[PDB]
Amino acid sequence: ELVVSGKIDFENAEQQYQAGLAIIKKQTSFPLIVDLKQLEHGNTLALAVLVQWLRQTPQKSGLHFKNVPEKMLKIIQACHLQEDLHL
Amino acid sequence: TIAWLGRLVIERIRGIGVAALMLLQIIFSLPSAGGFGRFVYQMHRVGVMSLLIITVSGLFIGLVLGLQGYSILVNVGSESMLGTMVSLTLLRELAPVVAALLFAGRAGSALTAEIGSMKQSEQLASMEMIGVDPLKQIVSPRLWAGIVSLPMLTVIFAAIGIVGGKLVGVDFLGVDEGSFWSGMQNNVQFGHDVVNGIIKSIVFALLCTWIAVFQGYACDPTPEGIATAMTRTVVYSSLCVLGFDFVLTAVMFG
Amino acid sequence: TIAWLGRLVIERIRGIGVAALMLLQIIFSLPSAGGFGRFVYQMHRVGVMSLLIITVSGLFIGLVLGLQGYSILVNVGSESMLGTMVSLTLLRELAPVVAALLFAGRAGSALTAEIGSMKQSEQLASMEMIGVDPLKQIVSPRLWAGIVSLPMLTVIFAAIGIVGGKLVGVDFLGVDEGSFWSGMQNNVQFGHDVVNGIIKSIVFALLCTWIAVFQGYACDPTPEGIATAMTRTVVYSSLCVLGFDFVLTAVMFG
Amino acid sequence: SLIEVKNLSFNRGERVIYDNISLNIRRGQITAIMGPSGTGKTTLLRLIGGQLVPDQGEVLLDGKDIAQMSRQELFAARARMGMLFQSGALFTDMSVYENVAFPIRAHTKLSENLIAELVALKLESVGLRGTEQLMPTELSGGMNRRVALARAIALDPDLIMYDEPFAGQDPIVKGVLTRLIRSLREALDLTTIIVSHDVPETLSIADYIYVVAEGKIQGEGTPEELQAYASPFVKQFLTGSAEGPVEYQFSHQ
Amino acid sequence: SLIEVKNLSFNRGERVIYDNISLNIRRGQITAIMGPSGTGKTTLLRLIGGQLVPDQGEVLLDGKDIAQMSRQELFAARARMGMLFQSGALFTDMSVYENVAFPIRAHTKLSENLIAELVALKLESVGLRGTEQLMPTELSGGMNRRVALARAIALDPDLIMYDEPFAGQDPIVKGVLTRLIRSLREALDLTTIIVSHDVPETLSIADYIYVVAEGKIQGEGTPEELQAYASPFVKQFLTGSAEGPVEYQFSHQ
Ligand SMILES: Nc1ncnc2c1ncn2[C@@H]1O[C@H](COP(=O)(O)OP(=O)(O)NP(=O)(O)O)[C@@H](O)[C@H]1O
Ligand SMILES: Nc1ncnc2c1ncn2[C@@H]1O[C@H](COP(=O)(O)OP(=O)(O)NP(=O)(O)O)[C@@H](O)[C@H]1O
């Protein structure tokens, strides 16, 4: 599987975002479950990046995330209690 | 889209009707019910406190007219005109306008703010709850102190202006003094032109103070309202003075 | 008792020192060109929103000058003098002063009130912690809108005043278009009857707006202070315009 | 972040507001400051935040003296904190989108597309997903204040300061703000400071409390300790009791 | 005396603030009104028989309709009321002595000697003896409220209205105002009305409470009874719970 990984910060946000889009452009086969365990914690823009990816393909195509850091979930659960919390 | 303007025009005119009604209610000479010590006091803020500003302005206007008159008159070769023109300019057009605009102007703005503050603060509401009709305590002496004060300040303004005019026109610039005083008498008179200057100032005093009271008092208690009202009084006071100045001068000297 | 005045004077003058320091910082360093693309927006509230007042006053002043000029000039040379006096008066003394004071009123109090609220609500202060220097983000485009706007308004005031003068002096009262227009050309020089009107306008635009910004950006965060600031910006820029007008006209035409 | 405040002294003109205040803002904890009206509570936060010049005081961020920081260090440091001011401090000239988005432009250079997504996420976290593109001046009281908070947490700061959050009068709002503080405190691992009035609401939130009056610390402790060591000033203050060290003019003949 | 308001309806700004309000103000008792902010609390008190004109309904004092019946009676009747409006008003141009003295001149014709003595007695009743010559603008906030109250009770009125006296303050002051109300309701045989957002204080003071929201009475009772009838609105309102008939704006997508 092709995933974006590592530290996402404001300094490289644009590039990590485009890398994910390149993967989506080539994503002719799915579901693909994106493993986020290799993601540095505490940065909400990472979520903004993940959501914009969802907004291009996964929201209709059936793509998901796995091994999501507990912290990312705590941020989501501030209010999005309707999230698709399933693997 | 377009109707926005239409609603704005309609509401502003409705407000005028209210202002007219308020003026009628306040003007009846009812305040005699209480003491007038309050009037004398109120005059302190609308009149006495503004003498410095009007005096300094009058001196600069006088000196400016002196220099501009002179640099034109030296091309006529007829210097007797400094007397005639400094006097007519100040008595007919500038004292009644410059004084009115500096007056409300400063007094105009301050008065608006003060009454409006009393509305915002609930002080006025309390008075009605007690039983003392606020128009006879808060508004009455303010409207009248403004009426007496502006006309009196108009005279001082012109007086300073004439003196400032002579100070440069005759005393620094070499004009024979006798022609200055003679030029004033030839042909502007105390019994006509001075009188018209005063009449215009009575009219302006009423327009300016009437608006300032209305803008402060007659408004639902919106927190941003005081600053807006202060700006609005200056703008309406100013246009009303100039619009009326035109129609009155057009008759008095037409 | 007496020392009270002493303290008042000492503090007001300290404040002018502060104002000078503020002006230096705002004009001296403005590298953030990317954010200055918005001053065109800011201009909306200084320039665009003020044409109605300047235009109406310009027309009334032109018509008044026409009528007073005429009733004096029928005894001296209206055929030649309405042209010369209407245009020199508006270019040299009235567009630079009447527009300057109407502006000080309508734009000046509104602007100071706006900065005042930005400070009072603490909204402005919250920007310091975001790293956005409020002078470059809030004050800069306001001071610049003032500099450009007043001079353009000054020209319009005179343009309307010429229409006003002609409308009564030539078209209702019986004077030749020929000599009105040629008279103006014979006596009005671009260099420097038009040019000096503009120079005085720039000086007033800077001085007047500078004061409005300074007072709005007040030290004391008390609601009573907004109304005080509004009254003071009108009074101080008003005297400063008259004071500087005197000196500049004294040089320009002396 | 641990913030040290030592030997703080500050005058406003000639008046002394603070006189050798010593604080320990504990990492990951909620600390709070209570005291009488008008005793400089807001002044103290402004000094902690570095927006005022302390007189001979020492302020350390993670042990670093703020007075010695370079322009770049200071600028970067600004992205570590956010504050909610007493009036809400919203910008009336901008819609909600910009009010929350605004601080992002002070520290980042992002594409409009990512900026928009962060705004959407932050508004959702406080129940404001549906206010997008409305001017803030059209919001009801509770909504108005929630927007301002959304700005404060927009950059994922380490420290959030709340200046008088419980001074709201509406019992419904008190309910919501209490929950948001607890919710956000956990979701973002925040260190927070609550500076307020009306004791029934800070004594159940803070982990540690300082009682400050007349430029001095009048006692410190957990809610339990303050009662245990409630020097009469503190005791009557926290109780809201009459007959404390409170005076009025009195003499008769 | 007893005050009754029936079938009250009032429209301001094209919106209805009140819709068929029916109140019974019990003599010698403390009546209180609670509800969300911005829903007419000041307005309803003004409509008690002040300066506002209802569109429908009646106001009865001693069972008599105050509308029309007559000019002289109403002028005199007005001497039976005293009020603190919001923050409390003091006239800035008058000394404390004059602010308390002021309403006396609306109904009496007394010698300077007696008007002076009444002011002295009324200021002592609220702990202000000896502050007569200071201008009110130089007082601390705790004293501004007490001066205004002295004015309110200056004429020995029967009805004292406190418009939101507990809304926002210092816990010391809350202790003092509570005591003044307890002292005065007894000392002067008063009927009082407390209208306030700070539910925990109102609940231990009033003898009877109305809960008013959205222009209607949504429950009534002694504080013990209100707790027994948990209409979702009243129950959330009186408890501070964030759950109940309140809204947030969101929908995921
Ligand atoms: N430059 C200045 N000159 C004079 N006064 C100022 C200035 N800047 C701010 N203020 C002061 O700012 C102080 C802020 O603290 P304070 O008065 O205790 O308000 P506060 O903390 O919001 N009160 P509270 O809500 O009870 O906690 C006031 O006492 C003002 O005098
Ligand atoms: N005279 C007026 N005319 C038109 N609108 C007004 C007037 N006065 C105030 N407003 C509005 O009418 C109402 C004033 O009374 P009110 O609702 O009783 O205030 P309140 O509940 O005591 N306010 P608050 O203390 O903040 O909760 C509000 O809805 C205002 O927006």
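We did not get these values from a lab; they are worked out from the coordinates using the rules stated. Here the Cβ is made from the backbone with ideal geometry for all residues, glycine too, and neighbour counts use every protein chain on show.
Quick look at the numbers
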item	result
Quotient of C-alpha Rg and 2.2 N^0.38 Å, computed over the stretch C:48-109	1.30
Net dipole in debye of the stretch C:1-99 [+1 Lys, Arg Cβ; -1 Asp, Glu Cβ; about Cα centre; nearest 20]	480 debye
Selection of GluC sites (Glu not before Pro), chain A, meeting DSSP coil and at most 14 other Cβ within 10 Å	A:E1, A:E11, A:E40, A:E83
Bridge type composition, the stretch E:3-238 - antiparallel percent by DSSP, nearest 5	55 percent
Given C:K136/D:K41; C:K119/E:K216; C:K119/D:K216, the pairs whose alpha carbons are separated by over 31 Å	C:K119/E:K216
Residue closest to axis [chain C; rotation mapping onto B; Cβ; Å]	C:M230, 2
Anchor D:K109: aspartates and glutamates whose Cα lies under 12 Å away (excluding residues fewer than 8 positions away in-chain)	A:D9, A:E11, A:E14
Solvent-free Debye scattering, log10 I(q)/I(0), computed from the Cα coordinates of the stretch E:116-162 at q = 0.14, 0.22, 0.24 Å⁻¹	-0.32, -0.76, -0.89
Ranked C:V64, B:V203, criterion: other C-beta atoms within 10 Å, fewest first	B:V203, C:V64
The stretch E:85-111 and the stretch C:155-229: distance between their alpha carbon centers, rounded to Å	50 Å
Point-charge dipole on Cβ atoms (K/R +1, D/E -1) for the stretch B:103-228, about Cα centre, debye to 20	120 debye
The protein assembly as shown, Cα convex hull volume normalised per residue, Å³	224 Å³
Nearest-0.05 FRET efficiency for D:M69 and C:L52, computed from C-beta distance (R0 51 Å)	0.50
Pseudo-label separations to other copies for C:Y41 - Cα-to-Cβ vector, 7 Å, nm	4.9
Sites matching GluC sites (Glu not before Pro) across the stretch C:67-157 that sit in DSSP coil, with at most 12 neighbouring C-beta atoms within 10 Å	none
Burial ordering of B:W144, C:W181, fewest other beta-carbon atoms within 10 Å first	C:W181, B:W144
Rg/Rg_globular for chain B, with Rg_globular taken as 2.2 N^0.38 Å and Rg from C-alpha atoms	1.19
Placed amide H near D:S241: partners under 5 Å, 5+ positions off or other chain	none
Using θ = phi - 60° and Karplus 6.51 cos²θ - 1.76 cosθ + 1.60, couplings along the stretch B:195-200 (whole Hz; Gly, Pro as x)	5, 5, x, 5, 4, 4
Set A:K7/A:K71; B:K200/C:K200; D:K122/E:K235 screened for pairs whose C-alpha atoms are more than 25 Å apart	B:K200/C:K200; D:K122/E:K235
Positive minus negative residues near B:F180 (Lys, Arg vs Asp, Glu; Cβ under 13 Å)	-3
Between 0 and 90°, nearest 10: helix E:112-125 axis offset from chain E longest Cα axis	40 degrees
Within the protein assembly as shown: Cβ-based charge dipole about Cα centre, in debye rounded to nearest 20 (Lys, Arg +1; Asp, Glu -1)	760 debye
Distance in nm between pseudo-label sites at E:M94 and B:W181 (7 Å out along the Cβ direction from Cα)	5.5 nm
Degrees between helix C:110-120 axis and first principal axis of chain C (Cα, 0 to 90, nearest 10)	0 degrees
7 Å along Cα→Cβ, label-point gaps from B:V194 to other copies, nm, shortest first	4.4
Chain A: mean projected area of Cα convex hull, nm²	5.4 nm²
For chain C, built as a Gaussian network whose Cα springs stay under 10 Å, the top-fluctuating residue of C:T222, C:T231, C:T154	C:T222
Ellipticity estimate at 222 nm from DSSP helix runs (n ≥ 4, -39,500 (n - 2.57)) divided over chain D, nearest 500	-9500 deg cm²/dmol
Note, ³J(HN,Hα) from phi for the stretch D:135-151, Karplus 6.51, -1.76, 1.60, rounded to Hz, x at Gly and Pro	6, x, 6, 9, 7, 6, x, x, 5, 4, 6, 4, 4, 4, 5, 4, 5
Cα centroid separation, the stretch B:69-128 to the stretch D:131-184 (Å)	50 Å
The stretch D:80-116: trypsin sites (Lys or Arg not before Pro) falling in loop per DSSP and having at most 16 other Cβ within 10 Å	D:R80, D:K109
Debye-sum result for chain E in log10 I(q)/I(0), which assumes one identical scatterer on each alpha carbon, at q = 0.08, 0.12, 0.15, 0.17 Å⁻¹	-0.35, -0.77, -1.14, -1.38
Under Karplus coefficients 6.51, -1.76 and 1.60, residue-wise ³J(HN,Hα) of the stretch E:238-253 in Hz, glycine/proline x	7, 10, x, 4, 7, 9, x, x, 10, 10, 10, 10, 7, 7, 7, 5
Neighbour-count order for D:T178, C:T233, fewest beta carbons within 10 angstrom listed first	D:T178, C:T233
Compactness relative to 2.2 N^0.38 Å, alpha carbon Rg of the stretch E:138-247	1.20
Tilt relative to chain D, helix D:171-187 - C-alpha long axis, 0 to 90 degrees, to 10	70 degrees
Kirkwood Rh in Å, taken over the stretch C:55-152 so that all alpha-carbon pairs contribute	16.7 Å
DSSP bridge pairs, the protein assembly as shown: antiparallel proportion in percent, nearest 5	50 percent
